[PDB]
Amino acid sequence: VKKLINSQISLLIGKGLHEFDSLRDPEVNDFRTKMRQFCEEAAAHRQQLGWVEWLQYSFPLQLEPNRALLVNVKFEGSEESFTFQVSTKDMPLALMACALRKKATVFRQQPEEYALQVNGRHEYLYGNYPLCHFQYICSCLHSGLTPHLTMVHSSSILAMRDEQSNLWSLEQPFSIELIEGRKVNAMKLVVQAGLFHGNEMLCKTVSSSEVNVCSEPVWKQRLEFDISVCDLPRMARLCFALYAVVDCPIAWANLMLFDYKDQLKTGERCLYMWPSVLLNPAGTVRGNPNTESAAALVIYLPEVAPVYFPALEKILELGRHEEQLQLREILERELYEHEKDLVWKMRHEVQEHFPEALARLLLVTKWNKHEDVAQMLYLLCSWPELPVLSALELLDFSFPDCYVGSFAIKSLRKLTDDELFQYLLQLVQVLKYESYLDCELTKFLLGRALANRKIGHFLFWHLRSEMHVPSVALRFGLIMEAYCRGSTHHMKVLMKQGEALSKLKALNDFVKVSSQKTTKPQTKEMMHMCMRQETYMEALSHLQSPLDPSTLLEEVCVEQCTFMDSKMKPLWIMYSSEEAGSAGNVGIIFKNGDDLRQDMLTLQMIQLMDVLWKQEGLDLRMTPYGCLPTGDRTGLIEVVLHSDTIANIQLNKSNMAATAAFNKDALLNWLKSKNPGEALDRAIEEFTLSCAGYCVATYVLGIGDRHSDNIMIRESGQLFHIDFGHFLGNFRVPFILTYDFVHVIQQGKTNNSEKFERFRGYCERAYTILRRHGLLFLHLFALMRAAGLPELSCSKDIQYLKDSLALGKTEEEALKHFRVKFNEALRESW
Ligand SMILES: Cn1nc(-c2cnc(N)c(-n3ccc(C(N)=O)n3)n2)nc1C1(c2ccccc2)CC1
């Protein structure tokens with residue numbers, strides 16, 4: 001049983017558990033055991049949870065960020081149902097009470113003993129919330145559809161639970177012995193070495209002597225740093241760069257000066273270097289696992305004798321020891337040395353009256369002076385809990401201190417499961433900045449994953465998608481193993497998704513081959529013939545959607561499956577569910593060959609924009625569809641059904657009802673056929689609302705190469721963008737407006753200023769709302785720099801956001817510049 005589970009984790013994570021053992025690494029073995037226990041403790045707490053608490057784990061509530069409606073209800077072991085006319089203001093309890101009353105009359109004779117399952121979905125309705133606060137109810141109030149729900153008794157949820165169980169004394173300078181190399185280049189070799197605490201140098205970067213190019217260069221040179229051994233901060237990083245000069249970079253490598261047990265390192269170290277794109281402080285402190293092709297830098301850390309980093313009780317003991325200022329008020333809304341001295345002097349007054357300025361003072365503390373650090377740490381240890389927004393900033397590489405990091409985690413505990421889900425992608429990326437395997441962020445990510453099955457799901461996939469990346473393969477694999485130990489049943493549920501994805505990779509490889517060799521109907525027929533095989537039928541059916549674990553992908557609709565003509569021949573896979581009805585008619589797009597990490601970020605940023613607008617009582621009818629990277633240049637996209645491209649509608653194909661005399665009318669003619677009579681006016685308003693949100697979103701995010709093939713419309717009138725290959729103006733893009741879209745907004749009239757001026761106001765509002773949250777976008781995109789995205793490489797990518805959101809300016813200057821940008825787009829629109 002314990003063996004099968006081990007062989008199951010190895011297959012699921014993609015790395016044999018034997019590989020973790022073969023390292024003989026005390027750091028790896030300590031994490032594995034400690035985390036396993038932590039995760040088994042979390043699995044044990046789950047089985048003693050009440051049946052409602054376990055519903056909150058397995059099926060977290062999908063909520064929205066007077067008017068009656070039909071609702072169809074049935075009980076678990078029966079085909080018999082009942083349709084009620086309930087209210088949107090009614091709680092699930094009133095609905096369940098009605099449902100029990102109808103059962104009593106029919107069966108000829110307690111609501112609190114039940115929960116309402118969404119038919120053929122892992123989504124439930126419970127809690128003291130009116131029906132219109134539920135995402136599903138709204139997914140029915142807008143599509144016009146009738147909600148279908150099932151009464152599930154407490155004992156039936158408890159049957160589910162059960163089946164789902166398992167020092168300051170050393171004032172001498174820091175120096176090293178640079179022994180030799182084992183590399184390749186075309187010229188002389190030089191080694192640059194620097195000591196860092198995050199983004200900043202602790203002292204000036206020291207260089208090596210020029211040694212002539214060869215495969216095994218020798219230096220045996222002592223490199224001395226302008227810093228005392230007693231002044232090395234705990235998270236100090238000794239960074240190396242190997243380059244060939246007459247400059248040409250070759251390789252880089254980093255290492256922490258203290259180990260995971262806080263002991264200062266001695267003596268011989270062999271550094272398996274990483275290929276270069278000069279000094280890279282942000283890069284991994286673990287050497288290249290490719291010890292066969294990797295260049296190796298041999299160094300010696302000289303013995304100073306065992307020296308451990310002083311415990312917090314020693315740091316604290318040390319640390320304890322005019323109206324003109326502020327002054328510091330005016331610089332607290334990127335500063336000179338005199339202003340940094342002001343902040344350091346005022347450090348106590350910052351804790352007292354500006355706790356949120358913690359990040360500004362953390363940047364001014366002299367981390368290369370052990371007494372200056374202790375003083376900061378004494379203040380930090382009494383520092384009030386910071387807001388989530390300020391805490392998100394402290395996760396950055398600019399704040400590498402472990403005590404700062406621990407303080408940031410302590411402040412993100414108050415994060416709701418909804419807020420955590422929204423920023424889960426960025427928190428996972430921050431793991432790349434981590435210096436040790438055992439960290440507060442891993443423990444936080446795991447603890448929250450094991451207490452919420454949806455968080456658990458996405459933590460797994462974010463990590464699993466990066467297993468082909470050698471710099472994060474050990475960390476991510478170890479975290480996923482610890483997770484699986486905390487959820488044996490979820491492990492198998494995820495295995496079912498990997499098996500389905502394995503079949504789609506094999507199926508898509510054939511589609512790629514066949515498309516270059518025969519006609520599309522010939523390829524489609526054999527794709528279908530291959531799908532109908534027992535192993536493909538078994539693997540592609542009855543799984544949880546990796547895009548949303550609450551979507552149940554039941555029976556695969558082979559006849560409705562196809563592939564798109566684009567570069568990578570993406571697979572279009574359709575599913576159906578008898579039990580779910582129309583909610584079970586769901587599609588997935590399997591794309592293989594492109595990097596979907598950016599597309600996901602872009603879709604997540606739009607999803608956030610929609611959330612923020614909804615918070616301010618604005619629903620700009622956005623379509624933030626799923627996009628999940630699953631593997632190496634592999635992922636899934638959610639099919640937005642009953643939609644088509646602008647190019648397909650505008651292609652003006654004959655015989656159809658959408659036939660237009662003029663191109664400008666093609667969109668409005670298509671909407672007239674999909675929404676006839678009284679339904680048209682509703683479609684136009686959906687179009688206008690969705691158009692305004694995407695106008696602002698694409699402008700703020702700087703989305704370029706926008707044509708009729710990457711813009712879509714739902715039959716409801718809602719416009720949305722697809723295929724986000726590029727963002728942040730990276731090929732300063734303007735605001736975009738189209739005459740044919742402006743035509744739909746103006747009701748199909750050449751002149752209709754009342755409709756266009758309403759539209760212009762939507763664009764202004766949406767923009768002004770996002771501007772207030774401009775710092776959230778800044779912090780989240782700054783965190784996303786860790787990912788390794790070519791279009792989010794530096795500060796010049798972060799700058800696009802600053803300018804698109806006009807963050808340095810006031811609202812009146814920003815709204816004027818937006819009015820200038822909107823009119824520039826209108827004049828350009830013919
Ligand atoms: C009817 N339909 N619906 C879609 C659609 C829906 N939802 C999406 N998310 C999406 N999509 C595509 C690529 C990306 C992306 N994010 O990269 N997103 N496409 N596409 C089609 C057409 C189609 C389908 C299948 C075969 C031929 C032709 C073109 C008509």
Side-chain angles (χ1 to χ4, degrees), residues 139 143 465 504 507-508 511-512 514-515 519-525 527-528 531 545-548 551 553 556-575 585-607 610 621-630 633-653 656 658 666-667 670-671 673-674 690 694 697-698 701 703-727 791:
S139 184
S143 65
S465 56
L504 295 160
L507 183 67
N508 209 345
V511 167
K512 285 169 181 190
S514 177
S515 47
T519 61
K520 193 163 179 194
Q522 238 121 332
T523 306
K524 212 187 153 167
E525 207 32 68
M527 177 207 294
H528 287 194
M531 286 185 76
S545 181
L547 287 153
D548 186 1
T551 300
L553 305 177
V556 77
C557 205
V558 195
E559 277 278 317
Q560 285 306 290
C561 297
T562 194
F563 73 91
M564 297 174 265
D565 297 312
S566 63
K567 189 183 187 170
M568 309 310 316
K569 270 85 191 78
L571 307 179
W572 178 274
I573 310 292
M574 285 301 306
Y575 284 88
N585 294 1
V586 288
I588 59 152
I589 296 159
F590 176 85
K591 193 179 182 194
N592 169 51
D594 272 310
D595 189 27
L596 306 178
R597 296 187 293 151
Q598 214 206 276
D599 292 68
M600 164 168 75
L601 182 50
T602 306
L603 279 161
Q604 279 197 36
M605 287 296 167
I606 299 159
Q607 159 83 75
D610 185 44
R621 314 304 301 115
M622 305 308 267
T623 311
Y625 61 90
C627 186
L628 182 84
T630 55
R633 296 161 281 167
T634 296
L636 298 178
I637 304 154
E638 198 196 327
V639 160
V640 176
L641 288 151
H642 318 120
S643 81
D644 215 355
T645 62
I646 304 295
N648 280 314
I649 294 164
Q650 286 192 340
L651 225 139
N652 214 286
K653 36 252 214 77
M656 334 285 169
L667 274 148
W670 189 79
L671 291 183
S673 68
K674 305 295 181 163
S690 60
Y694 286 92
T698 61
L701 303 167
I703 307 159
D705 209 12
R706 299 284 99 201
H707 41 89
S708 63
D709 291 293
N710 53 221
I711 306 169
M712 298 196 67
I713 309 284
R714 302 208 233 179
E715 292 176 1
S716 76
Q718 294 172 74
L719 173 150
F720 64 107
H721 293 240
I722 64 152
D723 182 55
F724 299 106
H726 308 94
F727 75 175
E791 287 169 52

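Numbering starts at 1 and runs along the sequence shown. Atoms within a ligand are numbered from 1 in the order they appear, just like the ligands themselves. Note that these values count all heavy atoms, side chains included, but never hydrogens, waters or copies made by symmetry.
Every atom of ligand 1 with a heavy atom of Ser643 under 4.0 Å away is listed here by number and element: 1 (C), 2 (N), 3 (N). Below 4.0 Å from some heavy atom of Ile637 lie the following atoms of ligand 1, by number and element: 9 (N), 15 (C), 16 (N), 17 (O), 18 (N). Close approach of ligand 1 to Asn648 is summarised as follows: ligand atoms under 4.0 Å from at least one heavy atom of the residue are 29 (C), 30 (C). Contact atoms of ligand 1 toward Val639: 7 (N) (distance under 4.0 Å to a heavy atom of the residue). Residue-ligand proximity, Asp644 to ligand 1, at heavy-atom distances under 4.0 Å covers atoms 30 (C).
Across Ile703 and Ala697, no two heavy atoms sit closer than the pair CD1-O, 4.3 Å.
Here the heavy atom of the protein found nearest to atom 10 (C) of ligand 1 is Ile589 CD1, 3.5 Å. Nearest protein heavy-atom neighbour of atom 19 (N) of ligand 1: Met712 SD, 3.7 Å. With hydrogens left out, the protein atom closest to atom 7 (N) of ligand 1 is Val640 N, 2.9 Å, a heavy atom. Counting protein heavy atoms only, atom 28 (C) of ligand 1 is closest to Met564 CG, 4.5 Å. Looking at atom 2 (N) of ligand 1, its nearest protein heavy atom turns out to be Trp572 CH2, 3.6 Å.
The proximity of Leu641 to ligand 1, defined as any non-hydrogen pair under 4.0 Å, does not occur for either the backbone or the side chain. Under 4.0 angstrom from ligand 1, the non-hydrogen atoms of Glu638 all belong to its backbone. Of the heavy atoms in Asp565, none comes closer than 4.0 Å to ligand 1. Proximity of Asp723 to ligand 1, defined as any heavy-atom pair under 4.0 Å, is shared by backbone and side chain alike.
Here the rule is side-chain contact (heavy atoms from CB on, under 4.5 Å) with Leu571, and of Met531, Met527, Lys591 only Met527 fits it.
A 4.5 Å side-chain heavy-atom check between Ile606 and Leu701 finds at least one atom pair inside the cut-off. Side-chain contact between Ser643 and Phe720: present, with at least one pair of heavy atoms (C-beta onward) separated by less than 4.5 Å. In this structure the side chain of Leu504 reaches within 4.5 angstrom of the side chain of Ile588, judged on heavy atoms. For the pair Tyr575 and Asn585, the minimum side-chain heavy-atom distance is 4.5 Å or more.
Counted by atom type alone, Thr623 and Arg714 present one or more donor-acceptor pairs between their side chains at under 3.5 Å.
Within 6.0 Å of CZ on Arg633 lie no more than 12 heavy atoms contributed by other residues, nucleotides or ligands. At most 12 heavy atoms of other shown residues, nucleotides or ligands fall within 6.0 angstrom of atom NE2 in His642.
In this structure, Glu791 contributes its side chain and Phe727 its backbone to a donor-acceptor pair below 3.5 Å.
With distances taken over non-hydrogen atoms, the option nearest atom 13 (C) of ligand 1 out of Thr602, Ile722, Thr645 is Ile722.
Taking only nitrogen or oxygen atoms, main chain and side chain alike, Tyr625 reaches within less than 3.5 Å of ligand 1.
Distances from ligand 1 to the non-hydrogen atoms of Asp599 include no value under 4.0 Å.
Distances from atom 22 (C) of ligand 1 to the protein include no heavy-atom value under 4.0 Å.
With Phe563 as the aromatic partner, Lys520 meets the cation-pi criteria of under 6.0 angstrom to the ring centre and within 45 degrees of the ring axis.
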